>>> print(open('coords-v7.txt').read())   # compact mmCIF, N, CA and C atoms
# COMPACT_ATOMS: atom_id res chain seq x y z
N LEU Z 1 5.49 -8.21 15.08
CA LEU Z 1 6.40 -8.62 13.97
C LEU Z 1 5.65 -9.50 12.97
N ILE Z 2 6.02 -9.44 11.72
CA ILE Z 2 5.32 -10.28 10.70
C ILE Z 2 6.26 -11.40 10.22
N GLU Z 3 5.72 -12.49 9.76
CA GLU Z 3 6.58 -13.61 9.30
C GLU Z 3 6.18 -14.08 7.89
N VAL Z 4 5.13 -13.53 7.34
CA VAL Z 4 4.70 -13.95 5.97
C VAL Z 4 4.53 -15.47 5.92
N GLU Z 5 3.32 -15.94 6.08
CA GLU Z 5 3.08 -17.41 6.05
C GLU Z 5 2.89 -17.87 4.60
N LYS Z 6 2.44 -17.00 3.74
CA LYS Z 6 2.23 -17.39 2.32
C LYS Z 6 3.08 -16.50 1.40
N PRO Z 7 4.15 -17.06 0.88
CA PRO Z 7 5.05 -16.29 -0.02
C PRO Z 7 4.38 -16.06 -1.38
N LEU Z 8 5.05 -15.37 -2.26
CA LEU Z 8 4.46 -15.11 -3.61
C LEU Z 8 4.48 -16.38 -4.46
N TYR Z 9 4.43 -16.23 -5.75
CA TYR Z 9 4.46 -17.43 -6.64
C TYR Z 9 4.98 -17.03 -8.03
N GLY Z 10 5.88 -17.80 -8.58
CA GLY Z 10 6.42 -17.46 -9.93
C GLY Z 10 5.39 -17.80 -11.00
N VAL Z 11 5.27 -16.97 -12.00
CA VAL Z 11 4.28 -17.25 -13.09
C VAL Z 11 4.65 -16.47 -14.35
N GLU Z 12 4.28 -16.97 -15.50
CA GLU Z 12 4.61 -16.26 -16.76
C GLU Z 12 3.43 -15.39 -17.21
N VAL Z 13 3.63 -14.54 -18.17
CA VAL Z 13 2.52 -13.66 -18.65
C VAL Z 13 2.82 -13.14 -20.06
N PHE Z 14 1.81 -12.97 -20.87
CA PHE Z 14 2.04 -12.46 -22.25
C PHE Z 14 2.02 -10.93 -22.24
N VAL Z 15 3.05 -10.31 -22.74
CA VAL Z 15 3.10 -8.82 -22.76
C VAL Z 15 1.79 -8.20 -23.26
N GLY Z 16 0.90 -7.87 -22.37
CA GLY Z 16 -0.38 -7.24 -22.78
C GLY Z 16 -1.45 -7.49 -21.72
N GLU Z 17 -1.44 -8.64 -21.12
CA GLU Z 17 -2.47 -8.94 -20.07
C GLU Z 17 -2.00 -8.40 -18.72
N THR Z 18 -2.37 -9.05 -17.65
CA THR Z 18 -1.94 -8.57 -16.31
C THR Z 18 -1.51 -9.75 -15.44
N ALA Z 19 -0.43 -9.60 -14.72
CA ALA Z 19 0.04 -10.71 -13.84
C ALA Z 19 -0.68 -10.62 -12.49
N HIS Z 20 -0.35 -11.47 -11.56
CA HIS Z 20 -1.04 -11.41 -10.24
C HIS Z 20 -0.23 -12.13 -9.16
N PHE Z 21 0.35 -11.38 -8.26
CA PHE Z 21 1.14 -12.01 -7.16
C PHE Z 21 0.45 -11.73 -5.82
N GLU Z 22 0.07 -12.75 -5.10
CA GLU Z 22 -0.62 -12.52 -3.80
C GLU Z 22 0.28 -12.92 -2.63
N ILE Z 23 0.05 -12.34 -1.48
CA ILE Z 23 0.88 -12.68 -0.28
C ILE Z 23 0.15 -12.26 0.99
N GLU Z 24 -0.14 -13.19 1.86
CA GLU Z 24 -0.86 -12.83 3.12
C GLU Z 24 0.12 -12.76 4.29
N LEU Z 25 0.05 -11.71 5.07
CA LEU Z 25 0.97 -11.58 6.23
C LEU Z 25 0.36 -12.26 7.46
N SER Z 26 1.06 -12.24 8.57
CA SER Z 26 0.51 -12.88 9.80
C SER Z 26 -0.40 -11.90 10.54
N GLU Z 27 -0.24 -10.63 10.30
CA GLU Z 27 -1.10 -9.62 10.99
C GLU Z 27 -1.86 -8.78 9.96
N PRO Z 28 -3.13 -8.57 10.20
CA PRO Z 28 -3.96 -7.77 9.27
C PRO Z 28 -3.64 -6.28 9.41
N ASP Z 29 -4.32 -5.45 8.67
CA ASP Z 29 -4.06 -3.98 8.76
C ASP Z 29 -2.57 -3.69 8.58
N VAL Z 30 -2.05 -3.92 7.41
CA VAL Z 30 -0.60 -3.66 7.17
C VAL Z 30 -0.39 -3.09 5.76
N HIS Z 31 0.72 -2.43 5.54
CA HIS Z 31 0.99 -1.86 4.20
C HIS Z 31 2.48 -2.00 3.86
N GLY Z 32 2.80 -2.15 2.61
CA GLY Z 32 4.23 -2.30 2.22
C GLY Z 32 4.46 -1.71 0.83
N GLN Z 33 5.16 -2.42 -0.01
CA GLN Z 33 5.42 -1.90 -1.38
C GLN Z 33 5.98 -3.01 -2.27
N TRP Z 34 5.57 -3.07 -3.51
CA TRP Z 34 6.09 -4.13 -4.42
C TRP Z 34 7.14 -3.56 -5.37
N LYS Z 35 7.81 -4.40 -6.10
CA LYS Z 35 8.84 -3.92 -7.06
C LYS Z 35 9.37 -5.09 -7.89
N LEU Z 36 10.14 -4.81 -8.91
CA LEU Z 36 10.68 -5.92 -9.75
C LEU Z 36 11.83 -6.62 -8.99
N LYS Z 37 12.96 -6.84 -9.62
CA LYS Z 37 14.08 -7.52 -8.91
C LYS Z 37 14.34 -6.84 -7.55
N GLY Z 38 13.97 -5.59 -7.43
CA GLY Z 38 14.19 -4.88 -6.14
C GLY Z 38 14.24 -3.37 -6.39
N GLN Z 39 13.40 -2.87 -7.25
CA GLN Z 39 13.41 -1.41 -7.55
C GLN Z 39 11.99 -0.84 -7.41
N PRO Z 40 11.78 -0.08 -6.36
CA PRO Z 40 10.44 0.52 -6.12
C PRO Z 40 10.17 1.66 -7.10
N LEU Z 41 9.24 1.47 -8.00
CA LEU Z 41 8.92 2.55 -8.98
C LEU Z 41 7.58 3.21 -8.62
N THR Z 42 6.84 3.64 -9.60
CA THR Z 42 5.53 4.29 -9.30
C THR Z 42 4.43 3.71 -10.20
N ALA Z 43 3.34 3.28 -9.61
CA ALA Z 43 2.23 2.71 -10.43
C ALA Z 43 1.73 3.75 -11.43
N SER Z 44 1.97 3.53 -12.69
CA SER Z 44 1.50 4.51 -13.72
C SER Z 44 1.84 4.00 -15.13
N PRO Z 45 3.11 3.78 -15.38
CA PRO Z 45 3.53 3.28 -16.71
C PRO Z 45 3.13 1.81 -16.89
N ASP Z 46 3.82 0.90 -16.26
CA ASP Z 46 3.47 -0.54 -16.41
C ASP Z 46 3.44 -1.21 -15.03
N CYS Z 47 2.62 -0.73 -14.14
CA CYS Z 47 2.54 -1.35 -12.78
C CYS Z 47 1.25 -0.93 -12.08
N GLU Z 48 0.64 -1.82 -11.34
CA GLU Z 48 -0.61 -1.47 -10.63
C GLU Z 48 -0.68 -2.18 -9.27
N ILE Z 49 -0.13 -1.58 -8.25
CA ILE Z 49 -0.16 -2.22 -6.91
C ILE Z 49 -1.45 -1.84 -6.17
N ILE Z 50 -2.14 -2.80 -5.62
CA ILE Z 50 -3.40 -2.49 -4.89
C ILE Z 50 -3.45 -3.25 -3.57
N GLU Z 51 -4.04 -2.66 -2.56
CA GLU Z 51 -4.12 -3.35 -1.24
C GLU Z 51 -5.27 -2.77 -0.41
N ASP Z 52 -5.91 -3.58 0.39
CA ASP Z 52 -7.03 -3.07 1.23
C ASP Z 52 -6.73 -3.26 2.72
N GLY Z 53 -5.53 -3.65 3.04
CA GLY Z 53 -5.17 -3.86 4.48
C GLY Z 53 -5.47 -5.29 4.91
N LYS Z 54 -6.33 -5.96 4.21
CA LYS Z 54 -6.66 -7.37 4.58
C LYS Z 54 -5.72 -8.32 3.84
N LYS Z 55 -5.18 -7.89 2.73
CA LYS Z 55 -4.27 -8.76 1.95
C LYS Z 55 -3.48 -7.91 0.95
N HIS Z 56 -2.41 -8.44 0.42
CA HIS Z 56 -1.61 -7.66 -0.57
C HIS Z 56 -1.70 -8.31 -1.95
N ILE Z 57 -2.17 -7.58 -2.93
CA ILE Z 57 -2.29 -8.16 -4.30
C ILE Z 57 -1.50 -7.32 -5.31
N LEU Z 58 -0.86 -7.96 -6.25
CA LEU Z 58 -0.08 -7.19 -7.27
C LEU Z 58 -0.68 -7.38 -8.66
N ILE Z 59 -0.57 -6.40 -9.50
CA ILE Z 59 -1.13 -6.52 -10.88
C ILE Z 59 -0.24 -5.76 -11.87
N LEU Z 60 0.36 -6.45 -12.81
CA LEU Z 60 1.24 -5.76 -13.79
C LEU Z 60 0.68 -5.91 -15.21
N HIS Z 61 0.14 -4.86 -15.77
CA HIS Z 61 -0.42 -4.96 -17.15
C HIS Z 61 0.71 -5.11 -18.17
N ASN Z 62 0.38 -5.05 -19.45
CA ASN Z 62 1.37 -5.19 -20.57
C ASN Z 62 2.83 -5.09 -20.13
N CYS Z 63 3.37 -6.16 -19.61
CA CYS Z 63 4.79 -6.15 -19.18
C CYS Z 63 5.69 -6.19 -20.42
N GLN Z 64 6.85 -5.59 -20.36
CA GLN Z 64 7.74 -5.59 -21.56
C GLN Z 64 8.72 -6.76 -21.52
N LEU Z 65 9.43 -6.96 -22.60
CA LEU Z 65 10.41 -8.09 -22.67
C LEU Z 65 11.33 -8.07 -21.45
N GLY Z 66 11.50 -6.94 -20.82
CA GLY Z 66 12.39 -6.88 -19.63
C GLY Z 66 11.71 -7.59 -18.47
N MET Z 67 11.54 -6.92 -17.37
CA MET Z 67 10.87 -7.54 -16.19
C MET Z 67 11.37 -8.97 -15.95
N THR Z 68 12.59 -9.25 -16.34
CA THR Z 68 13.14 -10.62 -16.14
C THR Z 68 13.81 -10.74 -14.77
N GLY Z 69 13.11 -10.38 -13.72
CA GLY Z 69 13.70 -10.47 -12.36
C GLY Z 69 12.74 -11.24 -11.44
N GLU Z 70 12.63 -10.82 -10.21
CA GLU Z 70 11.72 -11.53 -9.27
C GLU Z 70 10.83 -10.52 -8.54
N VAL Z 71 9.59 -10.87 -8.29
CA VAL Z 71 8.68 -9.92 -7.59
C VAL Z 71 8.96 -9.96 -6.08
N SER Z 72 9.70 -9.01 -5.58
CA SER Z 72 10.01 -8.99 -4.13
C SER Z 72 9.16 -7.94 -3.42
N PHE Z 73 8.47 -8.32 -2.37
CA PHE Z 73 7.63 -7.34 -1.63
C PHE Z 73 8.32 -6.95 -0.32
N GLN Z 74 8.02 -5.79 0.19
CA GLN Z 74 8.67 -5.36 1.47
C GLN Z 74 7.62 -4.79 2.42
N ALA Z 75 7.80 -4.98 3.70
CA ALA Z 75 6.81 -4.46 4.68
C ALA Z 75 7.50 -4.19 6.03
N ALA Z 76 6.82 -4.45 7.12
CA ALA Z 76 7.44 -4.21 8.47
C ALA Z 76 8.87 -4.76 8.51
N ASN Z 77 9.02 -6.05 8.51
CA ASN Z 77 10.39 -6.64 8.55
C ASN Z 77 10.42 -7.95 7.75
N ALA Z 78 9.49 -8.13 6.85
CA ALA Z 78 9.47 -9.38 6.04
C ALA Z 78 9.80 -9.06 4.58
N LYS Z 79 10.08 -10.07 3.79
CA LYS Z 79 10.41 -9.81 2.36
C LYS Z 79 10.20 -11.08 1.53
N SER Z 80 9.28 -11.05 0.61
CA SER Z 80 9.04 -12.26 -0.25
C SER Z 80 9.78 -12.10 -1.57
N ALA Z 81 9.72 -13.09 -2.43
CA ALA Z 81 10.43 -12.98 -3.73
C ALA Z 81 10.03 -14.13 -4.66
N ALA Z 82 9.10 -13.89 -5.55
CA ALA Z 82 8.67 -14.96 -6.49
C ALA Z 82 9.40 -14.79 -7.83
N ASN Z 83 9.09 -15.60 -8.80
CA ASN Z 83 9.78 -15.48 -10.11
C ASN Z 83 8.89 -14.72 -11.11
N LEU Z 84 9.47 -13.84 -11.88
CA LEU Z 84 8.67 -13.06 -12.86
C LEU Z 84 9.34 -13.08 -14.24
N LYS Z 85 8.66 -13.58 -15.23
CA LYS Z 85 9.26 -13.63 -16.60
C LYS Z 85 8.24 -13.15 -17.63
N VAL Z 86 8.68 -12.34 -18.56
CA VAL Z 86 7.74 -11.83 -19.60
C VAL Z 86 7.81 -12.71 -20.85
N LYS Z 87 6.72 -12.85 -21.55
CA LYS Z 87 6.73 -13.70 -22.78
C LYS Z 87 6.30 -12.87 -23.99
N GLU Z 88 6.91 -13.10 -25.12
CA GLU Z 88 6.53 -12.33 -26.34
C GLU Z 88 5.71 -13.20 -27.29
N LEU Z 89 5.68 -12.86 -28.55
CA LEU Z 89 4.90 -13.67 -29.53
C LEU Z 89 5.83 -14.59 -30.32
>>> encode(input="coords-v7.txt", output="structure tokens")
Amino acid sequence: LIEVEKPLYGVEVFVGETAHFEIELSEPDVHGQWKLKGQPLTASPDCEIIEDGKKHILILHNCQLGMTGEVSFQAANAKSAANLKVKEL
């Protein structure tokens, strides 16, 4: 079973760069899935999820004015949730 010892972290970002949410589980060799307030989409339009089994890292390029929810991750039986807000000019 996993317990997630390090939760995510809320952070702002300017629509154009890339955000970064990290989270380490209690057991290595694991896989899950990231999403906005709670909607699993597909890395292609404005999302880039990457993982090597040793840790889980998130990367969101040019985020739009929306994305005003929380970055919640899901895996074996754990679930994190940081704050995500987009900023304009």
>>> residues_around(input="coords-v7.txt", residues="residue Z:4", least_positions_apart="2", cutoff="8 Å", atoms="only C-alpha atoms", output="mmCIF file with N, CA and C atoms, in the frame of the given file")
data_model
loop_
_atom_site.group_PDB
_atom_site.id
_atom_site.type_symbol
_atom_site.label_atom_id
_atom_site.label_comp_id
_atom_site.auth_asym_id
_atom_site.auth_seq_id
_atom_site.Cartn_x
_atom_site.Cartn_y
_atom_site.Cartn_z
ATOM 1 N N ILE Z 2 6.020 -9.440 11.720
ATOM 2 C CA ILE Z 2 5.320 -10.280 10.700
ATOM 3 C C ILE Z 2 6.260 -11.400 10.220
ATOM 4 N N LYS Z 6 2.440 -17.000 3.740
ATOM 5 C CA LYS Z 6 2.230 -17.390 2.320
ATOM 6 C C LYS Z 6 3.080 -16.500 1.400
ATOM 7 N N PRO Z 7 4.150 -17.060 0.880
ATOM 8 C CA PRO Z 7 5.050 -16.290 -0.020
ATOM 9 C C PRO Z 7 4.380 -16.060 -1.380
ATOM 10 N N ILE Z 23 0.050 -12.340 -1.480
ATOM 11 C CA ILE Z 23 0.880 -12.680 -0.280
ATOM 12 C C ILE Z 23 0.150 -12.260 0.990
ATOM 13 N N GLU Z 24 -0.140 -13.190 1.860
ATOM 14 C CA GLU Z 24 -0.860 -12.830 3.120
ATOM 15 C C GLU Z 24 0.120 -12.760 4.290
ATOM 16 N N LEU Z 25 0.050 -11.710 5.070
ATOM 17 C CA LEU Z 25 0.970 -11.580 6.230
ATOM 18 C C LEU Z 25 0.360 -12.260 7.460
ATOM 19 N N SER Z 26 1.060 -12.240 8.570
ATOM 20 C CA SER Z 26 0.510 -12.880 9.800
ATOM 21 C C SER Z 26 -0.400 -11.900 10.540
ATOM 22 N N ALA Z 78 9.490 -8.130 6.850
ATOM 23 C CA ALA Z 78 9.470 -9.380 6.040
ATOM 24 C C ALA Z 78 9.800 -9.060 4.580
ATOM 25 N N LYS Z 79 10.080 -10.070 3.790
ATOM 26 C CA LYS Z 79 10.410 -9.810 2.360
ATOM 27 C C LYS Z 79 10.200 -11.080 1.530
ATOM 28 N N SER Z 80 9.280 -11.050 0.610
ATOM 29 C CA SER Z 80 9.040 -12.260 -0.250
ATOM 30 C C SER Z 80 9.780 -12.100 -1.570
#
>>> select_by_dssp(input="coords-v7.txt", residues="chain Z", states="strand (DSSP E)", output="ChimeraX atom specification")
/Z:11-14,21-23,48-51,56-59,70-71,82-87
>>> residues_around(input="coords-v7.txt", residues="residue Z:71", least_positions_apart="2", cutoff="6 Å", atoms="all atoms listed in the file", output="ChimeraX atom specification")
/Z:35-37,69,73,80-84
>>> residues_around(input="coords-v7.txt", residues="residue Z:29", least_positions_apart="6", cutoff="7 Å", atoms="only N, CA and C atoms", output="compact mmCIF listing (two decimals) with N, CA and C atoms, keeping the file's coordinate frame")
# COMPACT_ATOMS: atom_id res chain seq x y z
N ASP Z 52 -5.91 -3.58 0.39
CA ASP Z 52 -7.03 -3.07 1.23
C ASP Z 52 -6.73 -3.26 2.72
N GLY Z 53 -5.53 -3.65 3.04
CA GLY Z 53 -5.17 -3.86 4.48
C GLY Z 53 -5.47 -5.29 4.91
N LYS Z 54 -6.33 -5.96 4.21
CA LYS Z 54 -6.66 -7.37 4.58
C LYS Z 54 -5.72 -8.32 3.84
N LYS Z 55 -5.18 -7.89 2.73
CA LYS Z 55 -4.27 -8.76 1.95
C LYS Z 55 -3.48 -7.91 0.95
>>> atom_distance(input="coords-v7.txt", atom1="atom CA of residue Z:1", atom2="atom C of residue Z:28")
11.3 Å
>>> residues_near_point(input="coords-v7.txt", point="(4.0, 3.0, -16.2)", cutoff="10 Å", atoms="only C-alpha atoms", output="list in words")
residues 41, 42, 43, 44, 45, 46, 47, 48, 60, 61, 62 and 63 of chain Z
>>> atom_distance(input="coords-v7.txt", atom1="atom CA of residue Z:9", atom2="atom CA of residue Z:89")
23.2 Å
>>> atom_distance(input="coords-v7.txt", atom1="atom CA of residue Z:87", atom2="atom CA of residue Z:5")
29.3 Å
>>> closest_residue(input="coords-v7.txt", among="Z:64, Z:76, Z:40, Z:57", to="residue Z:14", atoms="only N, CA and C atoms")
Z:64
>>> closest_residue(input="coords-v7.txt", among="Z:70, Z:50, Z:32, Z:85", to="residue Z:11", atoms="only C-alpha atoms")
Z:85
>>> residues_around(input="coords-v7.txt", residues="residue Z:86", least_positions_apart="3", cutoff="8 Å", atoms="only C-alpha atoms", output="list in words")
residues 12, 13, 14, 15, 63, 64, 65, 66, 67 and 68 of chain Z
>>> closest_residue(input="coords-v7.txt", among="Z:21, Z:3, Z:39, Z:75", to="residue Z:58", atoms="only C-alpha atoms")
Z:21
>>> build_atoms(input="coords-v7.txt", residues="stretch 27-52 of chain Z", atoms="N, CA, C and O atoms", output="PDB file, in the coordinates of the input")
ATOM      1  N   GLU Z  27      -0.240 -10.630  10.300  1.00  0.00           N
ATOM      2  CA  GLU Z  27      -1.100  -9.620  10.990  1.00  0.00           C
ATOM      3  C   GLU Z  27      -1.860  -8.780   9.960  1.00  0.00           C
ATOM      4  O   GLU Z  27      -1.288  -8.352   8.976  1.00  0.00           O
ATOM      5  N   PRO Z  28      -3.130  -8.570  10.200  1.00  0.00           N
ATOM      6  CA  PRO Z  28      -3.960  -7.770   9.270  1.00  0.00           C
ATOM      7  C   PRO Z  28      -3.640  -6.280   9.410  1.00  0.00           C
ATOM      8  O   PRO Z  28      -2.796  -5.888  10.188  1.00  0.00           O
ATOM      9  N   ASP Z  29      -4.320  -5.450   8.670  1.00  0.00           N
ATOM     10  CA  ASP Z  29      -4.060  -3.980   8.760  1.00  0.00           C
ATOM     11  C   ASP Z  29      -2.570  -3.690   8.580  1.00  0.00           C
ATOM     12  O   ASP Z  29      -1.894  -3.270   9.499  1.00  0.00           O
ATOM     13  N   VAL Z  30      -2.050  -3.920   7.410  1.00  0.00           N
ATOM     14  CA  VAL Z  30      -0.600  -3.660   7.170  1.00  0.00           C
ATOM     15  C   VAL Z  30      -0.390  -3.090   5.760  1.00  0.00           C
ATOM     16  O   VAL Z  30      -1.217  -3.248   4.886  1.00  0.00           O
ATOM     17  N   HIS Z  31       0.720  -2.430   5.540  1.00  0.00           N
ATOM     18  CA  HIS Z  31       0.990  -1.860   4.200  1.00  0.00           C
ATOM     19  C   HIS Z  31       2.480  -2.000   3.860  1.00  0.00           C
ATOM     20  O   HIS Z  31       3.324  -1.968   4.729  1.00  0.00           O
ATOM     21  N   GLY Z  32       2.800  -2.150   2.610  1.00  0.00           N
ATOM     22  CA  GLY Z  32       4.230  -2.300   2.220  1.00  0.00           C
ATOM     23  C   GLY Z  32       4.460  -1.710   0.830  1.00  0.00           C
ATOM     24  O   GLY Z  32       4.007  -0.628   0.524  1.00  0.00           O
ATOM     25  N   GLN Z  33       5.160  -2.420  -0.010  1.00  0.00           N
ATOM     26  CA  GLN Z  33       5.420  -1.900  -1.380  1.00  0.00           C
ATOM     27  C   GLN Z  33       5.980  -3.010  -2.270  1.00  0.00           C
ATOM     28  O   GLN Z  33       6.793  -3.809  -1.843  1.00  0.00           O
ATOM     29  N   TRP Z  34       5.570  -3.070  -3.510  1.00  0.00           N
ATOM     30  CA  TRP Z  34       6.090  -4.130  -4.420  1.00  0.00           C
ATOM     31  C   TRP Z  34       7.140  -3.560  -5.370  1.00  0.00           C
ATOM     32  O   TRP Z  34       7.321  -2.359  -5.458  1.00  0.00           O
ATOM     33  N   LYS Z  35       7.810  -4.400  -6.100  1.00  0.00           N
ATOM     34  CA  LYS Z  35       8.840  -3.920  -7.060  1.00  0.00           C
ATOM     35  C   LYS Z  35       9.370  -5.090  -7.890  1.00  0.00           C
ATOM     36  O   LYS Z  35       9.095  -6.238  -7.610  1.00  0.00           O
ATOM     37  N   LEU Z  36      10.140  -4.810  -8.910  1.00  0.00           N
ATOM     38  CA  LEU Z  36      10.680  -5.920  -9.750  1.00  0.00           C
ATOM     39  C   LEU Z  36      11.830  -6.620  -8.990  1.00  0.00           C
ATOM     40  O   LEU Z  36      11.683  -6.957  -7.834  1.00  0.00           O
ATOM     41  N   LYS Z  37      12.960  -6.840  -9.620  1.00  0.00           N
ATOM     42  CA  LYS Z  37      14.080  -7.520  -8.910  1.00  0.00           C
ATOM     43  C   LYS Z  37      14.340  -6.840  -7.550  1.00  0.00           C
ATOM     44  O   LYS Z  37      14.855  -7.444  -6.633  1.00  0.00           O
ATOM     45  N   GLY Z  38      13.970  -5.590  -7.430  1.00  0.00           N
ATOM     46  CA  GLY Z  38      14.190  -4.880  -6.140  1.00  0.00           C
ATOM     47  C   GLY Z  38      14.240  -3.370  -6.390  1.00  0.00           C
ATOM     48  O   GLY Z  38      15.051  -2.660  -5.820  1.00  0.00           O
ATOM     49  N   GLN Z  39      13.400  -2.870  -7.250  1.00  0.00           N
ATOM     50  CA  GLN Z  39      13.410  -1.410  -7.550  1.00  0.00           C
ATOM     51  C   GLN Z  39      11.990  -0.840  -7.410  1.00  0.00           C
ATOM     52  O   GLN Z  39      11.136  -1.102  -8.231  1.00  0.00           O
ATOM     53  N   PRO Z  40      11.780  -0.080  -6.360  1.00  0.00           N
ATOM     54  CA  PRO Z  40      10.440   0.520  -6.120  1.00  0.00           C
ATOM     55  C   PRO Z  40      10.170   1.660  -7.100  1.00  0.00           C
ATOM     56  O   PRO Z  40      10.800   2.695  -7.055  1.00  0.00           O
ATOM     57  N   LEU Z  41       9.240   1.470  -8.000  1.00  0.00           N
ATOM     58  CA  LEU Z  41       8.920   2.550  -8.980  1.00  0.00           C
ATOM     59  C   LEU Z  41       7.580   3.210  -8.620  1.00  0.00           C
ATOM     60  O   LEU Z  41       7.234   3.328  -7.468  1.00  0.00           O
ATOM     61  N   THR Z  42       6.840   3.640  -9.600  1.00  0.00           N
ATOM     62  CA  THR Z  42       5.530   4.290  -9.300  1.00  0.00           C
ATOM     63  C   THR Z  42       4.430   3.710 -10.200  1.00  0.00           C
ATOM     64  O   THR Z  42       4.557   3.656 -11.402  1.00  0.00           O
ATOM     65  N   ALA Z  43       3.340   3.280  -9.610  1.00  0.00           N
ATOM     66  CA  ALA Z  43       2.230   2.710 -10.430  1.00  0.00           C
ATOM     67  C   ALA Z  43       1.730   3.750 -11.430  1.00  0.00           C
ATOM     68  O   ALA Z  43       1.136   4.745 -11.055  1.00  0.00           O
ATOM     69  N   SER Z  44       1.970   3.530 -12.690  1.00  0.00           N
ATOM     70  CA  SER Z  44       1.500   4.510 -13.720  1.00  0.00           C
ATOM     71  C   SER Z  44       1.840   4.000 -15.130  1.00  0.00           C
ATOM     72  O   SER Z  44       0.951   3.815 -15.937  1.00  0.00           O
ATOM     73  N   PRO Z  45       3.110   3.780 -15.380  1.00  0.00           N
ATOM     74  CA  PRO Z  45       3.530   3.280 -16.710  1.00  0.00           C
ATOM     75  C   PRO Z  45       3.130   1.810 -16.890  1.00  0.00           C
ATOM     76  O   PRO Z  45       2.189   1.498 -17.601  1.00  0.00           O
ATOM     77  N   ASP Z  46       3.820   0.900 -16.260  1.00  0.00           N
ATOM     78  CA  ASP Z  46       3.470  -0.540 -16.410  1.00  0.00           C
ATOM     79  C   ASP Z  46       3.440  -1.210 -15.030  1.00  0.00           C
ATOM     80  O   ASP Z  46       4.155  -2.163 -14.782  1.00  0.00           O
ATOM     81  N   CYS Z  47       2.620  -0.730 -14.140  1.00  0.00           N
ATOM     82  CA  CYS Z  47       2.540  -1.350 -12.780  1.00  0.00           C
ATOM     83  C   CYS Z  47       1.250  -0.930 -12.080  1.00  0.00           C
ATOM     84  O   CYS Z  47       0.809   0.197 -12.195  1.00  0.00           O
ATOM     85  N   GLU Z  48       0.640  -1.820 -11.340  1.00  0.00           N
ATOM     86  CA  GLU Z  48      -0.610  -1.470 -10.630  1.00  0.00           C
ATOM     87  C   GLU Z  48      -0.680  -2.180  -9.270  1.00  0.00           C
ATOM     88  O   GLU Z  48      -1.216  -3.260  -9.154  1.00  0.00           O
ATOM     89  N   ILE Z  49      -0.130  -1.580  -8.250  1.00  0.00           N
ATOM     90  CA  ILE Z  49      -0.160  -2.220  -6.910  1.00  0.00           C
ATOM     91  C   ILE Z  49      -1.450  -1.840  -6.170  1.00  0.00           C
ATOM     92  O   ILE Z  49      -1.809  -0.682  -6.098  1.00  0.00           O
ATOM     93  N   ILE Z  50      -2.140  -2.800  -5.620  1.00  0.00           N
ATOM     94  CA  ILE Z  50      -3.400  -2.490  -4.890  1.00  0.00           C
ATOM     95  C   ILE Z  50      -3.450  -3.250  -3.570  1.00  0.00           C
ATOM     96  O   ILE Z  50      -2.963  -4.355  -3.457  1.00  0.00           O
ATOM     97  N   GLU Z  51      -4.040  -2.660  -2.560  1.00  0.00           N
ATOM     98  CA  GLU Z  51      -4.120  -3.350  -1.240  1.00  0.00           C
ATOM     99  C   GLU Z  51      -5.270  -2.770  -0.410  1.00  0.00           C
ATOM    100  O   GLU Z  51      -5.572  -1.599  -0.484  1.00  0.00           O
ATOM    101  N   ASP Z  52      -5.910  -3.580   0.390  1.00  0.00           N
ATOM    102  CA  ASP Z  52      -7.030  -3.070   1.230  1.00  0.00           C
ATOM    103  C   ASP Z  52      -6.730  -3.260   2.720  1.00  0.00           C
ATOM    104  O   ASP Z  52      -7.581  -3.054   3.565  1.00  0.00           O
TER     105      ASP Z  52
END
